[PDB]
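Residue numbers (the entry's author numbering): 1 to 93.
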Amino acid sequence: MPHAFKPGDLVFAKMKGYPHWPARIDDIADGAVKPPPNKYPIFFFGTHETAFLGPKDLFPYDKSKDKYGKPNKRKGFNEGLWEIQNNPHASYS
Numbered sequence: 001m002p003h004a005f006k007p008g009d010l011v012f013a014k015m016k017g018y019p020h021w022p023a024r025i026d027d028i029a030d031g032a033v034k035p036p037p038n039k040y041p042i043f044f045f046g047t048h049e050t051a052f053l054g055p056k057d058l059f060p061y062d063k064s065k066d067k068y069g070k071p072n073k074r075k076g077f078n079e080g081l082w083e084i085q086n087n088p089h090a091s092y093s
């Protein structure tokens, strides 16, 4: 049975105007800016951008990869697919 999301969980994350995107729940570094209440720091693979999202926009990777894990024209997407499959917990600083 599912738990709450935690740092390190891999997802596809949905933002307005973008396809479901390979992403992870990030940690918040000591001294770093915290998310709003009820939001998680999402790190988008490929673009290496961060946004704050709630669970309604977070689709667990293993369940969703057959649907959303396909090449896309969008900038950064296909690099993102390599990252999530090959080294999803690396530092992409």
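Yeah, the Cβ is synthetic: ideal placement off N, Cα and C, and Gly gets one too.
Exercise. If you scan the stretch 8-74 from start to end, which runs of the alpha helix (DSSP H) of 4 or more residues do you find wholly inside it?
Worked result: The alpha helix (DSSP H) runs lying completely inside the stretch 8-74 and spanning 4 residues or more are 61-68, given in chain order.
Problem set entry | Assigned exposure category for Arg-24 - 16 Cβ within 10 Å defines buried | Stepping through the sequence shown from its first residue, residue 24 is reached at position 24. Label assigned to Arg-24: buried.
Exercise. Is the Cβ-Cβ distance between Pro-37 and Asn-72 less than 8 Å?
Worked result: Looking up residue 37 in the sequence shown gives position 37. Looking up residue 72 in the sequence shown gives position 72. Cβ atoms of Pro-37 and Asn-72: not closer than 8 Å.
Exercise. Does the beta-carbon of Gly-17 have 16 or more other beta-carbons within 10 angstroms, so that it is buried, or is it exposed?
Worked result: As a position in the sequence shown, residue 17 is number 17, starting the count at 1. By the neighbour-count rule (16 or more Cβ atoms within 10 Å), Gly-17 is not buried but exposed.
For this session: Give the C-beta separation of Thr-50 and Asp-26 to the nearest angstrom, bearing in mind that I take them to be a contact with Cβ-Cβ under 8 Å.
Result: Within the sequence shown, numbered from 1, the residue matching residue 50 stands at position 50. Within the sequence shown, numbered from 1, the residue matching residue 26 stands at position 26. Between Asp-26 and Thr-50 the Cβ distance is about 7 Å, and since that is below 8 Å, they are a contact.
For this session: Go ahead and label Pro-41 buried or exposed: buried means 16 or more other beta carbons lie within 10 angstroms of its beta carbon, across all protein chains shown.
Result: Start at 1 with the first residue of the sequence shown, and residue 41 comes out as number 41. With 16 or more other Cβ atoms within 10 Å, it is buried.
Problem set entry | Separation of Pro-22 from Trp-82, as counted between CA atoms | Numbered from its first residue, the sequence shown carries residue 82 at position 82. Numbered from its first residue, the sequence shown carries residue 22 at position 22. Roughly 9 Å separates the two Cα atoms.
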